[PDB]
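Residue numbers (the entry's author numbering), protein chains in the order written: chain C, 1 to 147, 158 to 210, 216 to 278; chain L, 1 to 213; chain H, 1 to 132, 139 to 220.
Right, one structure below, let's go through it.
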Amino acid sequence: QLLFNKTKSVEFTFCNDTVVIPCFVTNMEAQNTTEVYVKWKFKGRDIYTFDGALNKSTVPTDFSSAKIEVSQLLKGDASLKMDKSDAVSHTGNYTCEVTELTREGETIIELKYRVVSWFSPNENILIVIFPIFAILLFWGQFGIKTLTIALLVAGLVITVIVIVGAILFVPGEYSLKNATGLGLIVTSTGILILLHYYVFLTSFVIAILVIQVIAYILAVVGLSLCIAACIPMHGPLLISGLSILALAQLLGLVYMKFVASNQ
Amino acid sequence: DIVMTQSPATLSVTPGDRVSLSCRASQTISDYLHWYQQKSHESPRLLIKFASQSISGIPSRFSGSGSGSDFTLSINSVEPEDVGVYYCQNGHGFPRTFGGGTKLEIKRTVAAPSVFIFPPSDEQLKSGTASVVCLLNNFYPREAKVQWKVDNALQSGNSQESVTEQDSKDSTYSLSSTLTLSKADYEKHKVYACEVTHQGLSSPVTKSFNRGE
Amino acid sequence: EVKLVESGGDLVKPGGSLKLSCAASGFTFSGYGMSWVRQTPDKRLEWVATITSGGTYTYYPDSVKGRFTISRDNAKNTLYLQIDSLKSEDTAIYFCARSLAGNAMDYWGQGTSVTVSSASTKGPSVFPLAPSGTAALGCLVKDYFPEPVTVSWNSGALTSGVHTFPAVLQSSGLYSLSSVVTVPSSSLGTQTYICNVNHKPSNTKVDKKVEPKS
Ligand SMILES: *[C@@H]1O[C@H](CO)[C@@H](O)[C@H](O)[C@H]1NC(C)=O
Ligand SMILES: *[C@@H]1O[C@H](CO)[C@@H](O)[C@H](O)[C@H]1NC(C)=O
Ligand SMILES: *[C@@H]1O[C@H](CO)[C@@H](O)[C@H](O)[C@H]1NC(C)=O
Ligand SMILES: *[C@@H]1O[C@H](CO)[C@@H](O)[C@H](O)[C@H]1NC(C)=O
């Protein structure tokens, strides 16, 4: 009786192009595929069969993409490979049956699906609130500084394309909807960098401005990483830049609150 | 030590008829069940593997069915060539057990036996024994009576029948009866007679001869 | 095609030992698992052994108490089975077979006969059954042990119309068997009919000229 590397379950995400269900025989004794037969079952159906003797791989029309790597079979690797589109529609308890000459075995692996669309909950709740707090704050400096047209001209549009950017981004599972949403966001914050240095200098402006630029191109070259492919493990840079730009804006609001008061 | 049980034991079918042979396992063996046939004086050949998968060069008339515990070998339009023994064998569980075997006899039209008699060889006679042989050739059904008459005195307990297996072209049988006496006994009598009664003989047929005539 | 050939079957004393050879032909021998299956005279089939393609790993039923040892010489294209401490219960026909997964055996050999008796072999006396449009003639292969005897006609040229009988166990515990053939009566004199009895265990080959009696 064959034994396995017992595996409870596996999780796949929207960005898992190719899906792999593990099946490892620990005590395989075969010396040619002729001796071997593998049957993959799902929900009481035979969804993949490899006959070693004829090396005939046979699959239903509903799993046309399914395969195992023959090469690795004799080593104990009877793991199943399928494309994303087939897997998504078929989440459940997969069964692997492997048969030699005089010994057989089977094992069960549950296929689970989870959605964490593009960024992790905490990450995609940051890069939305920092460049909303930021402009909300700019409005305070604009309102206090008024009581240019230009600044208010380019002021409404910034709030609009953050409100647009930050609802284009956050739906779905890593679209070009999101990709563009976030781009509109970083470019909005990227004309905010200009609309914050549109006051008029102290020794306090050249600071907040230069560090705002630093953190900004850190946040753009901090996004040039991320825009490419789902599950980008390059989030902290994008959040930190927008952090310093939020905070620079914060120095902005209150240092001017000091001026417009004290001669 | 799983047990494979086939059913039926024996079977008589008319050619061009469909037939189902059953096989039962003492535990679940999914679709891992194989079917072979054996024609007498041949060795087994594989018909089906993994319950249902047909093999290259198997007539299109055999196919296997079932899964779990109960299985079925179906012959859609059996032929006089398919006379033989069918065995199921479990692909799963230990050990690789075979089934008891299903004998499949072919049914046909009644055929009368060609009857021949052979007096003993002088060679054997010098050896000290006489054996008289009676052949019934190519008949059906299998059952036939033979009585040995020596000067019309009916003999008992000195004869031996042997029956050929069923032909796989003409679905007939053949039968030898050997009458064994010593040189002495044989040389004491004149007339040696074989009396054949068979279904397709309107009257018992006798082959006889007079010693060395 | 594929062809498998067993040899090495014989009469043996109980407790004796036999080594069976199986010649494989017409495929990549070292590519496939192989097996031994015997067939008892009750005509039941019993798997006795199995070897992997590589010869590394072997498998047997608990039925034969570790008395059988399978091997394979991948160079000579020969599969072997060593049967030891033979018992009366081992008397059978031994088949080699090419094994697929689930030990599906898709090629079988013709078989080799193992007989285990306390009896010694006695060879058959062969006698003509002289004929007297169609004539019938034959052979009386009488008083032989153990089984079986093989009978060809005219070196195996004559196959059409030949009925070699099932042997029958006599009062003596010897075997008797006849082989007969129906031929055109026109042929006799102008054609030779010879009856080729081979009884292997007693090293008996009779080639009997079967003739109409003077
Ligand atoms: C999906 O991608 C990750 C990347 O590390 C991988 O670990 C996972 O096993 C992949 N496939 C499945 C079936 O989860
Ligand atoms: C069988 O094996 C070869 C390599 O051994 C493989 O490349 C080929 O595609 C297989 N045959 C079929 C019908 O898939
Ligand atoms: C699979 O089986 C496990 C227990 O064996 C069960 O908890 C689970 O709910 C089943 N189905 C799916 C879809 O995971
Ligand atoms: C299996 O059998 C094939 C038959 O062509 C042989 O060529 C091959 O190398 C053998 N062994 C393995 C492990 O592939």
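Even for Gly, the Cβ is constructed at its ideal location relative to N, Cα and C.
Proximity to residue i [Cα-Cα], best of the options
i      : options                          : result
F24/C  : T13/C, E11/C, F14/C and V38/C    : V38/C
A92/H  : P218/H, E46/H and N209/H         : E46/H
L180/H : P128/H, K122/H and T156/H        : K122/H
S113/H : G8/H, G31/H and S35/H            : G8/H
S67/L  : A263/C, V174/C and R45/C         : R45/C
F71/L  : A9/L, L135/L, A51/L and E79/L    : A51/L
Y94/C  : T102/C, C15/C, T33/C and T107/C  : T107/C
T206/L : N152/L, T164/L and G157/L        : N152/L
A75/H  : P14/H, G167/H and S30/H          : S30/H
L201/L : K183/L, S69/L and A111/L         : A111/L
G175/C : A87/C, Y184/C, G193/C and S185/C : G193/C
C22/H  : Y94/H, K43/H and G16/H           : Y94/H
Short Cβ contact (8 Å threshold) for residue i with residue j
i             : j      : result
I195/C        : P247/C : no
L181/L        : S162/L : no
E104/C        : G33/H  : no
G84/L         : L73/L  : no
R24/L         : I75/L  : no
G200/C        : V235/C : yes
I29/L         : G91/L  : yes
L46/L         : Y36/L  : yes
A53/C         : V59/C  : no
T91/C         : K112/C : yes
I68/C         : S85/C  : no
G55/H         : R67/H  : no
residue 212/C : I127/C : Inspection of chain C shows residue 210 followed directly by residue 216; residue 212/C is thus not represented.
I203/C        : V228/C : yes
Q166/L        : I106/L : yes
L252/C        : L224/C : no
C201/H        : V189/H : no
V191/L        : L146/H : no
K56/C         : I47/C  : no
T164/L        : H169/H : yes
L11/H         : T156/H : no
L81/H         : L20/H  : yes
First and last residue of the uninterrupted alpha helix (DSSP H) at residue i
i      : result
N124/C : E123 to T146
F273/C : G250 to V274
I229/C : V220 to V235
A189/C : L186 to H206
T169/C : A160 to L178
Boundaries (first-last residue) of the beta strand (DSSP E) holding residue i
i      : result
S131/L : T129 to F139
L179/L : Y173 to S182
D86/C  : Run containing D86/C: none in the beta strand (DSSP E); it sits in the alpha helix (DSSP H), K84 to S89.
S185/H : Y181 to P190
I83/H  : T78 to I83
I2/L   : Per DSSP, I2/L belongs to no beta strand (DSSP E) and is neither H nor E.
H169/H : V168 to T170
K13/H  : Unbroken run through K13/H: none, as it is neither H nor E.
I246/C : No beta strand (DSSP E) contains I246/C, which DSSP labels as neither H nor E.
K3/H   : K3 to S7
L101/C : No beta strand (DSSP E) contains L101/C, which DSSP labels as neither H nor E.
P128/H : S125 to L129
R142/L : It is not in any beta strand (DSSP E) - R142/L carries neither H nor E in the DSSP assignment.
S17/H  : Per DSSP, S17/H belongs to no beta strand (DSSP E) and is neither H nor E.
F209/L : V205 to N210
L143/H : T140 to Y150
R98/H  : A92 to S99
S159/L : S159 to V163
- Message: So within the stretch 20-95 of chain L, which uninterrupted alpha helix (DSSP H) runs reach at least 4 residues, ignoring any that extend past its ends?
- Response: none
- Between the stretch 38-53 of chain H and the stretch 93-110 of chain H, are three or more C-beta pairs nearer than 8 Å? Verdict: yes, contact present.
- Query: Are three or more beta carbon pairs between the stretch 114-130 of chain H and the stretch 116-132 of chain L nearer than 8 Å?
  - Reply: The stretch 114-130 of chain H vs the stretch 116-132 of chain L: in contact.
- Message: For the stretch 243-262 of chain C against the stretch 112-128 of chain C, do three or more pairs of beta-carbon atoms, one drawn from each stretch, fall closer than 8 Å, so that the two count as touching?
- Response: yes
- Query: What runs of the beta strand (DSSP E), each 3 residues or longer, lie entirely inside the stretch 97-122 of chain L?
  - Reply: 102-106 and 114-118
- Quick one: which unbroken beta strand (DSSP E) runs of 3-plus residues sit fully inside the stretch 7-83 of chain C? Chain order, please. 9-12, 18-21, 37-42, 45-51, 56-58 and 80-83
- Contact between the stretch 259-278 of chain C and the stretch 6-22 of chain L (3+ Cβ pairs under 8 Å): no
- Please specify which runs of the beta strand (DSSP E), each continuous and at least 3 residues long, are wholly inside the stretch 50-78 of chain H, giving them in chain order. 68-73
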